[PDB]
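Asks: The structure file protein.pdb (PDB, C-alpha atoms) is provided below.
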```
MODEL        1
ATOM      1  CA  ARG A1087       0.000   0.000   0.000  1.00  0.00           C
ATOM      2  CA  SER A1088       3.048   2.314   0.206  1.00  0.00           C
ATOM      3  CA  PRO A1089       5.861   1.075  -2.044  1.00  0.00           C
ATOM      4  CA  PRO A1090       9.355   2.536  -1.517  1.00  0.00           C
ATOM      5  CA  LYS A1091      11.288   4.836  -3.862  1.00  0.00           C
ATOM      6  CA  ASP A1092      11.528   3.452  -7.430  1.00  0.00           C
ATOM      7  CA  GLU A1093      10.160   0.034  -6.403  1.00  0.00           C
ATOM      8  CA  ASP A1094       6.851  -1.342  -7.659  1.00  0.00           C
ATOM      9  CA  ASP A1095       6.540  -3.974  -4.918  1.00  0.00           C
ATOM     10  CA  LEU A1096       8.362  -5.589  -1.982  1.00  0.00           C
ATOM     11  CA  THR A1097       9.349  -8.675  -4.045  1.00  0.00           C
ATOM     12  CA  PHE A1098      12.999  -7.518  -4.013  1.00  0.00           C
ATOM     13  CA  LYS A1099      13.324  -8.557  -0.345  1.00  0.00           C
ATOM     14  CA  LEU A1100      13.109 -12.221  -1.430  1.00  0.00           C
ATOM     15  CA  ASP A1101      16.746 -12.064  -2.594  1.00  0.00           C
ATOM     16  CA  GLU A1102      17.934 -11.792   1.026  1.00  0.00           C
ATOM     17  CA  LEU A1103      16.400 -15.187   1.881  1.00  0.00           C
ATOM     18  CA  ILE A1104      18.678 -18.207   2.337  1.00  0.00           C
ATOM     19  CA  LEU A1105      16.676 -20.811   0.423  1.00  0.00           C
ATOM     20  CA  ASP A1106      19.302 -23.533   0.999  1.00  0.00           C
ATOM     21  CA  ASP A1107      18.720 -23.700   4.768  1.00  0.00           C
ATOM     22  CA  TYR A1108      14.956 -23.668   4.189  1.00  0.00           C
ATOM     23  CA  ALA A1109      15.240 -26.595   1.758  1.00  0.00           C
ATOM     24  CA  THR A1110      17.478 -28.428   4.254  1.00  0.00           C
ATOM     25  CA  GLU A1111      14.930 -27.945   7.051  1.00  0.00           C
ATOM     26  CA  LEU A1112      12.090 -29.016   4.726  1.00  0.00           C
ATOM     27  CA  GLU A1113      14.009 -32.191   3.834  1.00  0.00           C
ATOM     28  CA  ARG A1114      14.716 -32.877   7.516  1.00  0.00           C
ATOM     29  CA  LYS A1115      11.179 -32.297   8.837  1.00  0.00           C
ATOM     30  CA  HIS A1116       8.955 -33.453   5.969  1.00  0.00           C
ATOM     31  CA  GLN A1117      11.268 -35.491   3.646  1.00  0.00           C
ATOM     32  CA  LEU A1118      10.431 -33.206   0.711  1.00  0.00           C
ATOM     33  CA  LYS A1119      12.895 -32.280  -2.040  1.00  0.00           C
ATOM     34  CA  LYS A1120      11.801 -28.695  -2.718  1.00  0.00           C
ATOM     35  CA  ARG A1121      15.080 -26.889  -3.514  1.00  0.00           C
ATOM     36  CA  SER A1122      14.084 -26.101  -7.104  1.00  0.00           C
ATOM     37  CA  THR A1123      10.531 -25.298  -5.990  1.00  0.00           C
ATOM     38  CA  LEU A1124      11.740 -22.437  -3.769  1.00  0.00           C
ATOM     39  CA  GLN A1125      13.604 -20.967  -6.755  1.00  0.00           C
ATOM     40  CA  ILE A1126      10.530 -21.348  -8.998  1.00  0.00           C
ATOM     41  CA  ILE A1127       8.358 -19.676  -6.329  1.00  0.00           C
ATOM     42  CA  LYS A1128      10.878 -16.824  -5.995  1.00  0.00           C
ATOM     43  CA  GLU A1129      11.022 -16.241  -9.772  1.00  0.00           C
ATOM     44  CA  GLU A1130       7.218 -16.372 -10.098  1.00  0.00           C
ATOM     45  CA  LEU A1131       6.740 -13.984  -7.156  1.00  0.00           C
ATOM     46  CA  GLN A1132       9.223 -11.509  -8.654  1.00  0.00           C
ATOM     47  CA  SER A1133       7.369 -11.564 -12.004  1.00  0.00           C
ATOM     48  CA  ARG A1134       4.050 -13.406 -12.287  1.00  0.00           C
ATOM     49  CA  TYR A1135       3.895 -15.567 -15.455  1.00  0.00           C
ATOM     50  CA  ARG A1136       6.923 -14.364 -17.379  1.00  0.00           C
ATOM     51  CA  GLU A1137       7.325 -15.141 -21.074  1.00  0.00           C
ATOM     52  CA  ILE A1138       9.598 -18.196 -21.002  1.00  0.00           C
TER
ATOM     53  CA  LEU B 361       0.041  -2.688  22.492  1.00  0.00           C
ATOM     54  CA  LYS B 362       1.215  -4.256  19.213  1.00  0.00           C
ATOM     55  CA  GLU B 363       1.966  -0.734  17.945  1.00  0.00           C
ATOM     56  CA  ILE B 364       3.980  -0.030  21.123  1.00  0.00           C
ATOM     57  CA  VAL B 365       5.867  -3.290  20.455  1.00  0.00           C
ATOM     58  CA  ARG B 366       6.565  -2.068  16.898  1.00  0.00           C
ATOM     59  CA  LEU B 367       7.733   1.241  18.438  1.00  0.00           C
ATOM     60  CA  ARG B 368       9.863  -0.911  20.848  1.00  0.00           C
ATOM     61  CA  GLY B 369       8.158   0.129  24.067  1.00  0.00           C
ATOM     62  CA  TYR B 370      10.336  -2.383  25.953  1.00  0.00           C
ATOM     63  CA  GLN B 371      13.396  -0.291  25.028  1.00  0.00           C
ATOM     64  CA  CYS B 372      11.830   2.793  26.617  1.00  0.00           C
ATOM     65  CA  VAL B 373      10.607   0.824  29.664  1.00  0.00           C
ATOM     66  CA  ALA B 374      14.192  -0.399  30.217  1.00  0.00           C
ATOM     67  CA  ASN B 375      15.441   3.196  30.572  1.00  0.00           C
ATOM     68  CA  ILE B 376      12.375   4.108  32.680  1.00  0.00           C
ATOM     69  CA  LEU B 377      13.250   1.260  35.054  1.00  0.00           C
ATOM     70  CA  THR B 378      17.008   2.051  35.064  1.00  0.00           C
ATOM     71  CA  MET B 379      16.586   5.760  35.914  1.00  0.00           C
ATOM     72  CA  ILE B 380      14.380   4.973  38.945  1.00  0.00           C
ATOM     73  CA  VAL B 381      15.471   1.602  40.389  1.00  0.00           C
ATOM     74  CA  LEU B 382      19.148   1.683  39.380  1.00  0.00           C
ATOM     75  CA  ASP B 383      19.787   5.400  39.736  1.00  0.00           C
ATOM     76  CA  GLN B 384      18.212   6.411  43.053  1.00  0.00           C
ATOM     77  CA  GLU B 385      16.589   9.849  43.083  1.00  0.00           C
ATOM     78  CA  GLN B 386      13.611   8.556  45.123  1.00  0.00           C
ATOM     79  CA  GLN B 387      12.597   6.462  48.148  1.00  0.00           C
ATOM     80  CA  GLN B 388      12.841   2.661  48.229  1.00  0.00           C
ATOM     81  CA  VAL B 389       9.178   2.119  49.193  1.00  0.00           C
ATOM     82  CA  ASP B 390       7.910   4.405  46.410  1.00  0.00           C
ATOM     83  CA  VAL B 391      10.311   2.776  43.926  1.00  0.00           C
ATOM     84  CA  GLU B 392       8.948  -0.623  45.047  1.00  0.00           C
ATOM     85  CA  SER B 393       5.390   0.611  44.405  1.00  0.00           C
ATOM     86  CA  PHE B 394       6.544   1.869  40.984  1.00  0.00           C
ATOM     87  CA  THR B 395       8.115  -1.519  40.187  1.00  0.00           C
ATOM     88  CA  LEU B 396       4.924  -3.352  41.165  1.00  0.00           C
ATOM     89  CA  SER B 397       2.951  -0.871  39.035  1.00  0.00           C
ATOM     90  CA  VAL B 398       5.227  -1.446  36.015  1.00  0.00           C
ATOM     91  CA  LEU B 399       5.645  -5.241  36.122  1.00  0.00           C
ATOM     92  CA  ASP B 400       1.896  -5.826  35.622  1.00  0.00           C
ATOM     93  CA  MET B 401       1.460  -4.664  32.018  1.00  0.00           C
ATOM     94  CA  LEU B 402       4.760  -6.340  31.090  1.00  0.00           C
ATOM     95  CA  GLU B 403       3.158  -9.532  32.411  1.00  0.00           C
ATOM     96  CA  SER B 404      -0.114  -8.740  30.611  1.00  0.00           C
ATOM     97  CA  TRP B 405       0.878  -7.707  27.059  1.00  0.00           C
ATOM     98  CA  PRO B 406       0.561 -10.282  24.249  1.00  0.00           C
ATOM     99  CA  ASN B 407       3.924 -11.776  23.320  1.00  0.00           C
ATOM    100  CA  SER B 408       4.789 -14.396  20.721  1.00  0.00           C
ATOM    101  CA  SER B 409       8.569 -14.162  20.194  1.00  0.00           C
ATOM    102  CA  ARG B 410      11.766 -13.220  22.032  1.00  0.00           C
ATOM    103  CA  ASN B 411      12.744 -11.210  18.919  1.00  0.00           C
ATOM    104  CA  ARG B 412      10.558  -8.467  20.435  1.00  0.00           C
ATOM    105  CA  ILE B 413      12.571  -8.480  23.679  1.00  0.00           C
ATOM    106  CA  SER B 414      15.881  -8.856  21.763  1.00  0.00           C
ATOM    107  CA  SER B 415      15.359  -5.338  20.361  1.00  0.00           C
ATOM    108  CA  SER B 416      15.598  -4.108  23.988  1.00  0.00           C
ATOM    109  CA  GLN B 417      17.263  -6.892  26.063  1.00  0.00           C
ATOM    110  CA  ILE B 418      15.062  -5.687  28.951  1.00  0.00           C
ATOM    111  CA  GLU B 419      15.568  -9.123  30.619  1.00  0.00           C
ATOM    112  CA  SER B 420      19.129  -8.017  31.479  1.00  0.00           C
ATOM    113  CA  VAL B 421      17.747  -4.920  33.231  1.00  0.00           C
ATOM    114  CA  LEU B 422      15.222  -7.149  35.038  1.00  0.00           C
ATOM    115  CA  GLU B 423      18.058  -9.399  36.261  1.00  0.00           C
ATOM    116  CA  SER B 424      20.024  -6.340  37.425  1.00  0.00           C
ATOM    117  CA  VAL B 425      17.072  -4.920  39.362  1.00  0.00           C
ATOM    118  CA  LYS B 426      16.036  -8.239  40.950  1.00  0.00           C
ATOM    119  CA  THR B 427      19.672  -8.585  42.028  1.00  0.00           C
ATOM    120  CA  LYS B 428      19.807  -5.046  43.457  1.00  0.00           C
ATOM    121  CA  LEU B 429      16.439  -5.247  45.266  1.00  0.00           C
ATOM    122  CA  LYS B 430      16.870  -8.879  46.286  1.00  0.00           C
ATOM    123  CA  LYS B 431      15.490  -8.105  49.769  1.00  0.00           C
ATOM    124  CA  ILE B 432      12.091  -7.169  48.266  1.00  0.00           C
ATOM    125  CA  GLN B 433      10.971 -10.727  47.464  1.00  0.00           C
ATOM    126  CA  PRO B 434       7.601  -9.946  45.719  1.00  0.00           C
ATOM    127  CA  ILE B 435       9.497  -8.002  43.016  1.00  0.00           C
ATOM    128  CA  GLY B 436      11.954 -10.894  42.691  1.00  0.00           C
ATOM    129  CA  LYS B 437       9.191 -13.497  42.400  1.00  0.00           C
ATOM    130  CA  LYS B 438       7.283 -11.402  39.841  1.00  0.00           C
ATOM    131  CA  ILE B 439      10.463 -11.002  37.759  1.00  0.00           C
ATOM    132  CA  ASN B 440      10.969 -14.784  38.102  1.00  0.00           C
ATOM    133  CA  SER B 441       7.458 -15.405  36.724  1.00  0.00           C
ATOM    134  CA  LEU B 442       8.061 -12.823  33.970  1.00  0.00           C
ATOM    135  CA  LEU B 443      11.342 -14.342  32.773  1.00  0.00           C
ATOM    136  CA  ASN B 444       9.833 -17.842  33.028  1.00  0.00           C
ATOM    137  CA  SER B 445       6.932 -16.754  30.797  1.00  0.00           C
ATOM    138  CA  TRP B 446       9.241 -14.958  28.340  1.00  0.00           C
ATOM    139  CA  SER B 447      11.707 -17.882  28.128  1.00  0.00           C
ATOM    140  CA  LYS B 448       9.006 -20.204  26.742  1.00  0.00           C
ATOM    141  CA  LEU B 449       8.835 -18.057  23.576  1.00  0.00           C
ATOM    142  CA  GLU B 450      10.682 -18.861  20.301  1.00  0.00           C
ATOM    143  CA  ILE B 451      10.105 -18.322  16.584  1.00  0.00           C
ATOM    144  CA  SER B 452       9.425 -21.867  15.426  1.00  0.00           C
ATOM    145  CA  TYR B 453      11.433 -22.061  12.245  1.00  0.00           C
ATOM    146  CA  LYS B 454      12.487 -18.705  10.872  1.00  0.00           C
ATOM    147  CA  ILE B 455      14.297 -18.537   7.515  1.00  0.00           C
ATOM    148  CA  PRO B 456      17.797 -17.031   7.861  1.00  0.00           C
ATOM    149  CA  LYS B 457      18.474 -13.915   5.810  1.00  0.00           C
ATOM    150  CA  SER B 458      21.633 -12.909   3.967  1.00  0.00           C
ATOM    151  CA  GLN B 459      23.984 -10.517   5.742  1.00  0.00           C
TER
ENDMDL
END
```
Let me see the file written as structure tokens.
Replies:
Amino acid sequence: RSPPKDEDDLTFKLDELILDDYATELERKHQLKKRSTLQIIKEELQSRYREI
Amino acid sequence: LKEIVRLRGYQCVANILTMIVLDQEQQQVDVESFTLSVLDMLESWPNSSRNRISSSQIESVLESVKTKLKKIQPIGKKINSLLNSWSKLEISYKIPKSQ
């Protein structure tokens, strides 16, 4: 509702996330291999339905 | 209260404690009444994570003041209950961020 200077949305904060530790904890707790899924989610959140 | 937490009210309450019950410009009985009047809302506010306290480290001030006024046992027991309640908190799993 109040985007910062020269930014359309807060999707740029996703690049600070450490997806590797999140994938490791997901694999430990739930036995899910989701390392590529976090990257796909990040790319889709940064730009919804790009032209691939 | 959530807004005060966002404003880091605990940080201000740490200095408010320190000036009165560490620096001594007043009387011990009145300072004891003040401490009993200021522990209550700290006990009452909604809390879900020690990240809130970590922005103030008010627990350290609480340890210092329970150690200084160790003779006043109600204050000590209330601070015991308060740190016991606060120590149960955590943040489940929180994704680390790049630094």
Asks: Please return, as a PyMOL selection string, all residues of chain A lying within 10 Å of chain B when all atoms listed in the file are considered.
Replies: chain A and resi 1099-1109+1111
Asks: Mind pulling up the distance from atom CA of residue A:1088 to atom CA of residue B:452?
Replies: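 Between these atoms lies a distance of 29.3 Å.
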Asks: Check which residues satisfy the PyMOL selection byres ((chain B and resi 399-412) around 9) in the file shown, then give them as a count of residues only.
Replies: 28
Asks: Which residue gives the smallest distance to residue B:434 among B:393, B:384, B:378, B:371, with all atoms listed in the file counted?
Replies: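 Using all atoms listed in the file, the shortest distance to residue B:434 belongs to B:393.
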Asks: So how far away is atom CA of residue B:432 from atom CA of residue B:374, in Å?
Replies: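 Pair atom CA of residue B:374 / atom CA of residue B:432 returns 19.4 Å.
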Asks: Give me, please, the distance in Å between atom CA of residue B:392 and atom CA of residue B:423, quoted to one decimal.
Replies: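 These atoms are spaced 15.4 Å apart.
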